[PDB]
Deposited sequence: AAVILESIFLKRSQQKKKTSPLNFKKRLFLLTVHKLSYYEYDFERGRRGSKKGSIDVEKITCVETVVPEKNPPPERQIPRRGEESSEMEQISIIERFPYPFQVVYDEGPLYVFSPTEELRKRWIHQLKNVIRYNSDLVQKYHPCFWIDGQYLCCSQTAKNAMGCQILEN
């Protein structure tokens, strides 16, 4: 079923210290998938996983990390080169969004706000007919065994904030 979006994003892996990995994400009408990227040949490398779109309960932005490492900091502008600074789009991923399903949240970092907006808008569209949409979500990341927003310690805890 047609490719809706295809992007290189930094994702937080399921667990140990948190691990972030640069992966290609593919949205079709029924599946969200991710791949090791084959940079040299310009293709999808090895498929690493998939979830059914119909298992998604919620998709929203995530309050940014207070102390992000450089890989997730917003570029200052002109600190890399004099003009045409575009390679940041595969080097820096400071705009995070979350896909909630049964297991709890998947954290994905987008290199630009516009790309994050498109992914959220297209994800909301494809999950509109989902049976288990929640009207409550966590605005902050779950880190060190709890959600920063409400200190709850089940990854599948009901959201502490209502959705508009």
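Of the deposited sequence, positions 16-19, 169 lack any modelled C-alpha atom.
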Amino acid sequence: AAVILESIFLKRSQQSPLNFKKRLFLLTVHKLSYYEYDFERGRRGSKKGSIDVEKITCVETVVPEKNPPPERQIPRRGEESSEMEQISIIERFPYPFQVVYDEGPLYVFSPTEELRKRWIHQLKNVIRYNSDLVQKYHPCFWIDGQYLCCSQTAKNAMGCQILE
From here on, numbers count along this sequence of modelled residues.
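Comparing 47-55 with 112-120, the higher mean C-alpha B-factor in the PDB entry belongs to 47-55. Averaged over Cα atoms, the B-factor as recorded in the entry is higher for 68-76 than for the other of 88-96 and 68-76. The PDB entry gives the largest Cα B-factor of the residues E36, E103, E40, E60 to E103. Per-chain ranking of the deposited C-alpha B factor places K155 in the highest third. In the deposited entry, the Cα temperature factor of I4 places it in the lowest third of its chain's modelled residues. Residue-level temperature factors show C149 in the middle third of its chain, judged at the C-alpha atom. In this PDB entry, the Cα temperature factor of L24 sits in the bottom third of its chain's modelled residues, the lowest group. When the modelled residues of the chain are ordered by their C-alpha B factor, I143 lands in the highest third.
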